[PDB]
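Next come the chains, spelled out residue by residue.
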Amino acid sequence: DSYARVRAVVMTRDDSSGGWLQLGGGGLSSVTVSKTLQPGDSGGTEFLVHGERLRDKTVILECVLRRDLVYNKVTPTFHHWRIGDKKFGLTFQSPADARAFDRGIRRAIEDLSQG
């Protein structure tokens, strides 16, 4: 149930400068856009962005997202979003990977059901 899976670098925003950093000093993570693990009795009103860093098998990105998502595309390899005041992003290895991930996000949003 993954709409897209890539290996990318999870990003976090420095609040003082506004510049972005590689979360935890970077390294590639396996990052998926998938259906929720807890749909309840609805088809599915939420989806999941999940990133597990490869070298140390650590989940460093876990976002429950909804139809309201604003998915910001800044460069061909850098995209970012928020949940409230919390900021998250990805640096992709290639423009094609970024396109795949963006298609995955769009697919997840388009398939979201009513609650």
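Residues numbered from 1 in each chain as written, not as in the entry; some residues may be left out. Heavy atoms only, no water. Residues with missing side-chain atoms left out of burial classes, pairs and counts.

1. Side note on the packing of aromatic side chains
The final tally for this structure, using the stated rule, is 4 aromatic pairs. Ring geometry for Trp 20 and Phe 78: centres 5.5 Å apart, planes at 70°, overall edge-to-face. Of the two residues, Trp 20 is situated in strand 2 (residues 20-22) and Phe 78 in strand 7 (residues 78-83); the sequence distance between them amounts to 58 residues. Within the aromatic cluster, the residues linked to one another by ring pairs are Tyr 71, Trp 81 and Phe 88. (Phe/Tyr/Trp six-rings, centres within 6.5 Å; stacked < 30°, edge-to-face > 60°. Helix = DSSP H or I, 4+ residues; strand = E, 2+ residues; numbered from the N terminus.)

2. Structural notes on the pattern of salt bridges
Under the defined criterion, the tally for this structure stands at 5 salt bridges. Two residues, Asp 111 and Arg 107, come together in a salt bridge whose shortest N-O distance is 2.8 Å. Within this pair, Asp 111 and its partner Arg 107 are both found in helix 1 (residues 95-111), separated by 4 residues, close to a single helical turn. One salt-bridge network, in which partners are shared between bridges, spans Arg 107, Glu 110 and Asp 111. (Salt bridge = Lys/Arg side-chain N within 4 Å of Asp/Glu carboxyl O.)

3. Re the side chain of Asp 102
Here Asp 102 shows up in helix 1. A distance of 3.0 Å separates polar atoms of two side chains, one belonging to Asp 102 and the other to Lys 73. In contact with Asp 102, other than residues within four places in its own chain, are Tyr 71, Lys 73 and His 79. (Polar contact = N/O pair within 3.5 Å; in protein donor to acceptor, adjacent residues only side chain to side chain. Contact = heavy atoms within 4.5 Å.)

4. Considering the nonpolar core
By size, the foremost hydrophobic cluster in this structure holds 22 residues, and its most contacted members are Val 31, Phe 47, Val 49, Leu 61, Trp 81, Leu 90 and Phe 101. At the level of elements, strand 1 (2-13), strand 3 (29-35), strand 4 (47-53), strand 5 (58-65), strand 8 (86-92) and helix 1 are the ones that each hand at least two residues to this core. Setting aside residues no more than four positions away along its own chain, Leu 90 makes contact with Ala 8, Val 9, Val 10, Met 11, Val 31, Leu 61, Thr 77, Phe 78, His 79, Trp 81 and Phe 101. (Core = buried A, V, L, I, M, F, W, Y, C linked by side-chain atoms within 4.5 Å. Buried < 20%, exposed > 50% of the residue type's maximum accessible area, 1.4 Å probe, protein only.)

5. Observations regarding the side chain of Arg 53
Within the fold, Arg 53 resides in strand 4. One polar contact links the side chain of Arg 53 to the main-chain carbonyl oxygen of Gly 26, over a distance of 2.8 Å. Among the polar contacts listed, one links the side chain of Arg 53 to the side chain of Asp 56, at a separation of 2.9 Å. Beyond its immediate stretch of four places on either side in the chain, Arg 53 contacts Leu 23, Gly 24, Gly 26, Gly 27, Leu 28, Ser 29, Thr 58 and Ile 60.

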